[PDB]
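The file my_file_14.cif contains mmCIF, N, CA and C atoms:
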data_final
loop_
_atom_site.label_atom_id
_atom_site.label_comp_id
_atom_site.auth_asym_id
_atom_site.auth_seq_id
_atom_site.Cartn_x
_atom_site.Cartn_y
_atom_site.Cartn_z
N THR A 1 0.85 -1.22 0.00
CA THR A 1 0.00 0.00 0.00
C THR A 1 0.88 1.26 0.00
N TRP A 2 0.67 2.13 -0.99
CA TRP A 2 1.42 3.39 -1.11
C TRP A 2 0.76 4.48 -0.28
N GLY A 3 1.52 5.22 0.52
CA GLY A 3 0.93 6.29 1.31
C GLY A 3 1.81 6.94 2.36
N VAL A 4 1.53 8.20 2.68
CA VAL A 4 2.30 8.93 3.69
C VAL A 4 1.40 9.46 4.80
N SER A 5 1.30 8.71 5.88
CA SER A 5 0.48 9.11 7.01
C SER A 5 1.22 10.14 7.86
N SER A 6 0.55 11.24 8.16
CA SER A 6 1.15 12.29 8.97
C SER A 6 0.08 13.29 9.38
N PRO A 7 0.12 13.77 10.65
CA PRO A 7 -0.79 14.74 11.27
C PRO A 7 -1.32 15.83 10.35
N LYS A 8 -2.61 16.11 10.48
CA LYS A 8 -3.25 17.11 9.63
C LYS A 8 -2.81 18.50 10.03
N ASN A 9 -2.96 18.81 11.31
CA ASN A 9 -2.60 20.12 11.83
C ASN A 9 -1.63 20.05 12.97
N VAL A 10 -0.78 21.07 13.05
CA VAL A 10 0.23 21.11 14.09
C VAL A 10 0.41 22.49 14.71
N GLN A 11 0.49 22.52 16.04
CA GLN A 11 0.65 23.77 16.76
C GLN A 11 2.11 24.04 17.10
N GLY A 12 2.57 25.24 16.77
CA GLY A 12 3.94 25.63 17.04
C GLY A 12 4.15 27.07 17.50
N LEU A 13 4.94 27.25 18.55
CA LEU A 13 5.22 28.57 19.11
C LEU A 13 6.54 29.17 18.62
N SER A 14 6.43 30.34 17.98
CA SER A 14 7.56 31.08 17.42
C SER A 14 8.91 30.85 18.11
N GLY A 15 9.97 30.78 17.31
CA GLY A 15 11.30 30.59 17.85
C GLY A 15 11.62 29.25 18.48
N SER A 16 10.63 28.39 18.65
CA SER A 16 10.87 27.08 19.25
C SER A 16 10.97 26.00 18.18
N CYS A 17 11.37 24.79 18.58
CA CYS A 17 11.49 23.68 17.63
C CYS A 17 10.24 22.80 17.62
N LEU A 18 9.87 22.33 16.44
CA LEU A 18 8.69 21.50 16.25
C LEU A 18 9.08 20.20 15.56
N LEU A 19 8.49 19.08 15.97
CA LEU A 19 8.80 17.81 15.33
C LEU A 19 7.52 17.28 14.73
N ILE A 20 7.60 16.80 13.50
CA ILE A 20 6.42 16.27 12.85
C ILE A 20 6.53 14.76 12.65
N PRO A 21 5.68 14.00 13.35
CA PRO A 21 5.68 12.54 13.23
C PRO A 21 5.20 12.21 11.83
N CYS A 22 5.95 11.37 11.15
CA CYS A 22 5.57 11.04 9.81
C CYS A 22 5.88 9.57 9.66
N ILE A 23 5.15 8.92 8.78
CA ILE A 23 5.35 7.50 8.54
C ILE A 23 4.77 7.25 7.16
N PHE A 24 5.49 6.53 6.31
CA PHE A 24 5.00 6.27 4.96
C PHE A 24 5.12 4.80 4.61
N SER A 25 4.37 4.37 3.60
CA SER A 25 4.38 2.97 3.19
C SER A 25 4.26 2.75 1.69
N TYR A 26 4.66 1.55 1.28
CA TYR A 26 4.58 1.13 -0.10
C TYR A 26 4.62 -0.39 -0.11
N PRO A 27 4.15 -1.01 -1.20
CA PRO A 27 4.08 -2.45 -1.44
C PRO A 27 5.41 -3.18 -1.26
N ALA A 28 5.39 -4.23 -0.45
CA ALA A 28 6.58 -5.02 -0.18
C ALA A 28 7.24 -5.59 -1.43
N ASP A 29 6.51 -5.59 -2.56
CA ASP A 29 7.02 -6.15 -3.82
C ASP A 29 7.85 -5.18 -4.65
N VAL A 30 7.91 -3.94 -4.21
CA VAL A 30 8.69 -2.93 -4.91
C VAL A 30 10.16 -3.09 -4.58
N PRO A 31 10.99 -3.37 -5.60
CA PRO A 31 12.43 -3.55 -5.41
C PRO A 31 13.13 -2.23 -5.04
N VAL A 32 14.34 -2.32 -4.49
CA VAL A 32 15.07 -1.12 -4.11
C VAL A 32 16.51 -1.09 -4.65
N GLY A 35 18.23 2.89 -3.68
CA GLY A 35 17.92 3.45 -2.37
C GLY A 35 16.66 4.32 -2.31
N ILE A 36 16.37 4.91 -1.15
CA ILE A 36 15.19 5.78 -0.96
C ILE A 36 15.51 7.26 -0.76
N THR A 37 14.85 8.13 -1.53
CA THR A 37 15.08 9.57 -1.42
C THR A 37 13.93 10.23 -0.68
N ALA A 38 14.25 11.13 0.25
CA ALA A 38 13.24 11.83 1.04
C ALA A 38 13.19 13.30 0.65
N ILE A 39 12.01 13.91 0.67
CA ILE A 39 11.91 15.32 0.31
C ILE A 39 10.70 15.95 0.98
N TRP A 40 10.88 17.09 1.62
CA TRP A 40 9.72 17.76 2.24
C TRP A 40 9.43 19.05 1.48
N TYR A 41 8.20 19.56 1.53
CA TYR A 41 7.81 20.75 0.81
C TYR A 41 6.95 21.71 1.58
N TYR A 42 7.14 22.97 1.26
CA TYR A 42 6.37 23.97 1.92
C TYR A 42 5.48 24.65 0.90
N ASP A 43 4.17 24.64 1.16
CA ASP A 43 3.20 25.28 0.28
C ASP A 43 3.44 24.86 -1.17
N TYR A 44 3.40 23.55 -1.39
CA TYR A 44 3.63 22.93 -2.69
C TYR A 44 2.93 23.60 -3.88
N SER A 45 1.63 23.81 -3.76
CA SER A 45 0.83 24.41 -4.81
C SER A 45 1.42 25.72 -5.34
N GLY A 46 1.77 26.61 -4.42
CA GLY A 46 2.33 27.90 -4.78
C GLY A 46 3.84 27.96 -4.79
N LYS A 47 4.41 28.55 -3.74
CA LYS A 47 5.87 28.69 -3.63
C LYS A 47 6.61 27.36 -3.81
N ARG A 48 6.17 26.32 -3.10
CA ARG A 48 6.78 25.01 -3.20
C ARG A 48 8.29 25.14 -3.04
N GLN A 49 8.76 25.08 -1.81
CA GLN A 49 10.19 25.23 -1.53
C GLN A 49 10.79 23.99 -0.86
N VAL A 50 11.92 23.50 -1.37
CA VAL A 50 12.52 22.32 -0.76
C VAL A 50 12.96 22.61 0.66
N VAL A 51 12.30 21.94 1.61
CA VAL A 51 12.59 22.08 3.03
C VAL A 51 13.68 21.10 3.42
N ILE A 52 13.57 19.90 2.84
CA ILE A 52 14.51 18.83 3.09
C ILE A 52 14.76 18.06 1.82
N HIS A 53 16.00 17.61 1.67
CA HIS A 53 16.34 16.81 0.52
C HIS A 53 17.49 15.93 0.91
N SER A 54 17.28 14.62 0.83
CA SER A 54 18.30 13.66 1.20
C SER A 54 19.12 13.29 -0.04
N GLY A 55 18.70 13.83 -1.18
CA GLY A 55 19.42 13.55 -2.40
C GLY A 55 20.52 14.59 -2.50
N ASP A 56 20.17 15.83 -2.19
CA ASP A 56 21.11 16.93 -2.25
C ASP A 56 20.71 18.07 -1.33
N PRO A 57 21.31 18.12 -0.14
CA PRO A 57 21.01 19.17 0.83
C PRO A 57 21.25 20.55 0.23
N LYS A 58 21.78 20.56 -0.99
CA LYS A 58 22.07 21.81 -1.70
C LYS A 58 20.81 22.38 -2.38
N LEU A 59 19.79 21.53 -2.54
CA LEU A 59 18.54 21.93 -3.18
C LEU A 59 17.58 22.59 -2.20
N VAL A 60 17.84 22.36 -0.91
CA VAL A 60 17.03 22.94 0.14
C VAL A 60 16.96 24.44 -0.05
N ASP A 61 15.77 24.99 0.15
CA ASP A 61 15.61 26.41 0.01
C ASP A 61 16.43 27.03 1.12
N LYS A 62 17.12 28.12 0.80
CA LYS A 62 17.96 28.81 1.78
C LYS A 62 17.14 29.10 3.03
N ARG A 63 15.90 29.49 2.79
CA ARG A 63 14.93 29.83 3.83
C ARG A 63 14.90 28.83 4.99
N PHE A 64 15.26 27.59 4.71
CA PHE A 64 15.24 26.54 5.72
C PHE A 64 16.60 26.02 6.12
N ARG A 65 17.59 26.19 5.26
CA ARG A 65 18.91 25.69 5.59
C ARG A 65 19.32 26.01 7.03
N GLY A 66 19.68 24.96 7.76
CA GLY A 66 20.08 25.13 9.14
C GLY A 66 18.90 25.21 10.09
N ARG A 67 17.69 25.07 9.56
CA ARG A 67 16.49 25.14 10.39
C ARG A 67 15.62 23.88 10.42
N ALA A 68 15.57 23.14 9.32
CA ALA A 68 14.77 21.92 9.25
C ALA A 68 15.64 20.73 8.88
N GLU A 69 15.52 19.64 9.64
CA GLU A 69 16.29 18.43 9.36
C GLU A 69 15.39 17.20 9.40
N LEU A 70 15.81 16.15 8.72
CA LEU A 70 15.04 14.92 8.66
C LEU A 70 15.38 13.95 9.78
N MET A 71 14.40 13.70 10.64
CA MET A 71 14.57 12.78 11.77
C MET A 71 14.09 11.38 11.36
N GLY A 72 14.32 11.01 10.11
CA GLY A 72 13.86 9.72 9.63
C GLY A 72 14.82 8.55 9.56
N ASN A 73 14.23 7.37 9.51
CA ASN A 73 14.96 6.11 9.43
C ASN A 73 14.52 5.49 8.11
N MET A 74 14.98 6.07 7.00
CA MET A 74 14.63 5.60 5.66
C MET A 74 14.36 4.12 5.54
N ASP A 75 15.11 3.34 6.31
CA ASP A 75 14.94 1.90 6.29
C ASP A 75 13.71 1.49 7.08
N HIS A 76 13.45 2.18 8.18
CA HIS A 76 12.29 1.88 9.03
C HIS A 76 11.00 2.59 8.59
N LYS A 77 11.04 3.22 7.42
CA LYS A 77 9.89 3.93 6.87
C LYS A 77 9.33 5.02 7.78
N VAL A 78 10.23 5.77 8.41
CA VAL A 78 9.86 6.89 9.29
C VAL A 78 10.32 8.13 8.54
N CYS A 79 9.47 9.15 8.45
CA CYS A 79 9.83 10.36 7.71
C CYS A 79 9.66 11.62 8.51
N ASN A 80 9.89 11.51 9.82
CA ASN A 80 9.76 12.66 10.71
C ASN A 80 10.49 13.93 10.32
N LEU A 81 9.82 15.06 10.50
CA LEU A 81 10.43 16.33 10.17
C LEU A 81 10.62 17.17 11.44
N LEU A 82 11.84 17.67 11.63
CA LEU A 82 12.15 18.52 12.78
C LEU A 82 12.39 19.95 12.29
N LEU A 83 11.64 20.89 12.85
CA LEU A 83 11.73 22.29 12.47
C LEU A 83 12.20 23.14 13.62
N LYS A 84 13.45 23.56 13.54
CA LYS A 84 14.08 24.35 14.58
C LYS A 84 13.78 25.83 14.38
N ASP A 85 13.59 26.55 15.48
CA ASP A 85 13.31 27.97 15.40
C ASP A 85 12.14 28.25 14.48
N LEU A 86 10.94 28.25 15.04
CA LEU A 86 9.78 28.49 14.21
C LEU A 86 9.69 29.98 13.92
N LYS A 87 8.75 30.35 13.05
CA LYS A 87 8.54 31.75 12.66
C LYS A 87 7.12 31.87 12.13
N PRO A 88 6.45 32.99 12.41
CA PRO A 88 5.07 33.21 11.95
C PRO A 88 4.94 32.95 10.46
N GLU A 89 6.00 33.24 9.72
CA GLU A 89 6.01 33.04 8.28
C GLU A 89 6.05 31.54 7.98
N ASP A 90 6.74 30.80 8.84
CA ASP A 90 6.89 29.36 8.69
C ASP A 90 5.55 28.64 8.53
N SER A 91 4.48 29.22 9.06
CA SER A 91 3.18 28.59 8.93
C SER A 91 2.89 28.30 7.45
N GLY A 92 2.21 27.18 7.21
CA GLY A 92 1.87 26.78 5.86
C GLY A 92 1.59 25.29 5.77
N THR A 93 1.51 24.76 4.56
CA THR A 93 1.25 23.35 4.39
C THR A 93 2.43 22.59 3.85
N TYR A 94 2.73 21.50 4.54
CA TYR A 94 3.85 20.65 4.19
C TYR A 94 3.43 19.32 3.61
N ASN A 95 4.04 18.95 2.49
CA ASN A 95 3.73 17.68 1.86
C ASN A 95 5.04 16.91 1.72
N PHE A 96 5.00 15.62 2.02
CA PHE A 96 6.18 14.77 1.95
C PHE A 96 6.19 13.92 0.70
N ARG A 97 7.38 13.78 0.12
CA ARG A 97 7.55 12.98 -1.08
C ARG A 97 8.78 12.11 -0.97
N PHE A 98 8.59 10.82 -1.18
CA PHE A 98 9.72 9.90 -1.17
C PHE A 98 9.82 9.26 -2.56
N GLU A 99 11.06 9.07 -3.03
CA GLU A 99 11.31 8.48 -4.34
C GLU A 99 12.22 7.25 -4.25
N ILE A 100 11.87 6.22 -5.03
CA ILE A 100 12.61 4.96 -5.10
C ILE A 100 13.07 4.69 -6.54
N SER A 101 12.08 4.61 -7.44
CA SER A 101 12.34 4.29 -8.84
C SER A 101 11.27 4.79 -9.85
N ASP A 102 11.68 5.82 -10.61
CA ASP A 102 10.97 6.50 -11.72
C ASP A 102 9.43 6.57 -11.75
N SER A 103 8.79 5.65 -11.05
CA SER A 103 7.35 5.55 -11.01
C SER A 103 7.02 5.15 -9.61
N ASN A 104 8.03 4.65 -8.93
CA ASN A 104 7.86 4.22 -7.58
C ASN A 104 8.19 5.41 -6.74
N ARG A 105 7.60 6.52 -7.13
CA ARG A 105 7.76 7.76 -6.42
C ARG A 105 6.36 8.10 -5.96
N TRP A 106 6.27 8.77 -4.81
CA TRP A 106 4.98 9.11 -4.25
C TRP A 106 4.96 10.43 -3.47
N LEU A 107 3.92 11.23 -3.70
CA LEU A 107 3.79 12.51 -3.00
C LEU A 107 2.50 12.56 -2.23
N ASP A 108 2.60 12.81 -0.93
CA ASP A 108 1.42 12.88 -0.07
C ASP A 108 0.49 14.02 -0.46
N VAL A 109 -0.73 13.68 -0.85
CA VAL A 109 -1.71 14.68 -1.23
C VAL A 109 -2.22 15.46 0.00
N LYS A 110 -2.37 14.76 1.12
CA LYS A 110 -2.86 15.35 2.37
C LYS A 110 -2.05 16.54 2.89
N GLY A 111 -0.83 16.28 3.32
CA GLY A 111 -0.03 17.36 3.85
C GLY A 111 -0.27 17.56 5.34
N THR A 112 0.59 18.37 5.94
CA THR A 112 0.53 18.68 7.36
C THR A 112 0.59 20.19 7.51
N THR A 113 -0.44 20.76 8.10
CA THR A 113 -0.46 22.20 8.28
C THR A 113 0.01 22.65 9.64
N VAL A 114 1.13 23.36 9.60
CA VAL A 114 1.77 23.89 10.78
C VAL A 114 1.37 25.35 10.97
N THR A 115 1.00 25.69 12.19
CA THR A 115 0.59 27.05 12.53
C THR A 115 1.56 27.61 13.57
N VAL A 116 2.07 28.83 13.35
CA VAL A 116 3.03 29.47 14.27
C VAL A 116 2.53 30.73 14.96
N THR A 117 2.53 30.69 16.29
CA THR A 117 2.07 31.80 17.13
C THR A 117 3.06 32.21 18.21
N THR A 118 2.73 33.29 18.90
CA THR A 118 3.54 33.82 19.99
C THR A 118 2.71 33.88 21.27
#
Could the structure of this file be written out as structure tokens, please?
Amino acid sequence: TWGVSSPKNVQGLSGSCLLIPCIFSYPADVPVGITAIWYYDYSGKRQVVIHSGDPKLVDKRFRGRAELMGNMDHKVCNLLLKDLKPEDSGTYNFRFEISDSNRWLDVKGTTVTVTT
């Protein structure tokens, strides 16, 4: 079963760190490495928050602020967001890639809200 389960909404207080529990799945018959990627406001701006393929693709906006707390092998895709910001609020969608079609992007997303 292909899918990325992760919280719909998340509460976060400015300047503090937030962790997003994430977990994804796919059919045991899919052969295999695994690439992880997080996104902010995909529809519009769509900025690379995390990239395990090339940390160089990460939007500067997040560099040094968001890291992947995942166990690619254990199918955990947790996202850690250090130092929140009111601007940081938005919708995050996770995408993992294996092989040209064995790629998947979570339609749901996780909406993080930042307050003081």
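You will find atom C of residue 114 of chain A at 6.4 Å from atom C of residue 9 of chain A.
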**Report entry** Residue contacts of segment 42-57 of chain A (7 Å, only C-alpha atoms) excluding same-chain residues fewer than 2 positions away, as number ranges by chain
**Finding:** A: 37-40, 59-61, 64, 68-70, 92-95
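Our summary of the geometry notes that atom CA of residue 85 of chain A is positioned 9.8 Å from atom CA of residue 12 of chain A.
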Query raised in the report: Taking the file as shown, what set of residues would the PyMOL selection byres ((chain A and resi 17-31) around 5) give back, as a list in words?
Result: residues 1, 2, 3, 4, 5, 6, 15, 16, 32, 77, 78, 79, 80, 81, 82, 83, 84, 85 and 86 of chain A
Report task. Between atom CA of residue 110 of chain A and atom CA of residue 72 of chain A, measure the distance and give it in Å to one decimal. Result -> 19.1 Å
Around all of segment 16-23 of chain A's listed atoms, make the axis-aligned box with 3 Å on each side and tell me centre and edge lengths in Å to one decimal, as lines of an AutoDock Vina configuration file.
center_x = 8.1
center_y = 17.8
center_z = 13.2
size_x = 12.7
size_y = 27.1
size_z = 18.1
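Distances from A:111, A:91, A:36, A:100 to residue 7 of chain A were compared using all atoms listed in the file, and the smallest one belongs to A:111.
Between residue 118 of chain A and the residues A:62, A:35, A:14, A:89, the shortest atom-to-atom distance, using all atoms listed in the file, involves A:14.
Comparing the minimum interatomic distances between residue 108 of chain A and each of A:11, A:65, A:73, A:41, counting only C-alpha atoms, we find that A:41 sits nearest.
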